[PDB]
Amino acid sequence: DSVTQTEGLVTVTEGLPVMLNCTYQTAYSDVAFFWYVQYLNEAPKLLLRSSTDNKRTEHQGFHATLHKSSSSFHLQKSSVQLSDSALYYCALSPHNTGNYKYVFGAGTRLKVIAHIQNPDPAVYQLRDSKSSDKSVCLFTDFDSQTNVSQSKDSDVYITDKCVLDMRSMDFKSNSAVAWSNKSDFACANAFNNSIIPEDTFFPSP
């Protein structure tokens, strides 16, 4: 009848554990419990299911144990990865009642952040390939504990940080982009609104 999940966004750094709470309220005794994962733009896909109290279920390093006594079905993982960033739905389904239908919780979005071993913050300027007058400022190589914030100017656009992985080099990096048309737009002036590190490299050139 009622499924209650953790509210909002859960931010965890790669390698660390996670706990996504799910509590319910059901009149029924023979009930099936589920976790569905939804990766960006894809269909929700089953991850775990169980109908038996106190039994633990494991799948992709994701465990969940039914606790009927406290109406709990939490989702856990000991060492989270970047591919784990998704929306997770907790669901309930009473067996043997005629009309089969799920009871979903609102969902919990998990965002996983990179562990940057060797940072070196920098703000470079990139130029357009066709007709080279347009420009973009690239803020890159900062640690995950650095948070980018949007500009106080309505002519300036700043995107949030985003990690990229070069599989060949086993190397990962955080990047954020800034662009504006106005003549009053400098790369040194682009990320003032954000808590940028003291050692942020700014080329002259």
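Throughout, we count residues from 1 along the sequence that is shown.
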(message) Please compare 19-27 with 177-185 and say which has the higher mean C-alpha temperature factor in the record.
(response) 177-185
(message) Regarding 117-125 and 70-78, which shows the higher C-alpha temperature factor on average in the entry?
(response) 117-125
(request) Select one of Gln38, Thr159, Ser151, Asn54: the residue whose C-alpha shows the highest B-factor in the crystal structure entry. (result) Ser151
(request) Sorting the chain's modelled residues by C-alpha B-factor, tell me whether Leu9 ends up in the lowest, middle or highest third. (result) middle
(message) Quick check on the deposited entry: does the C-alpha B-factor of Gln60 sit in the lowest, middle or highest third of its chain?
(response) middle
(request) Grab the CA temperature factor for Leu47 from the record and place it in the lowest, middle or highest third of its chain. (result) lowest
(request) Compare the C-alpha B factor of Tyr102 with those of the other modelled residues in its chain, then answer lowest, middle or highest third. (result) middle
(request) Sorting the chain's modelled residues by C-alpha B-factor, tell me whether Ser93 ends up in the lowest, middle or highest third. (result) middle
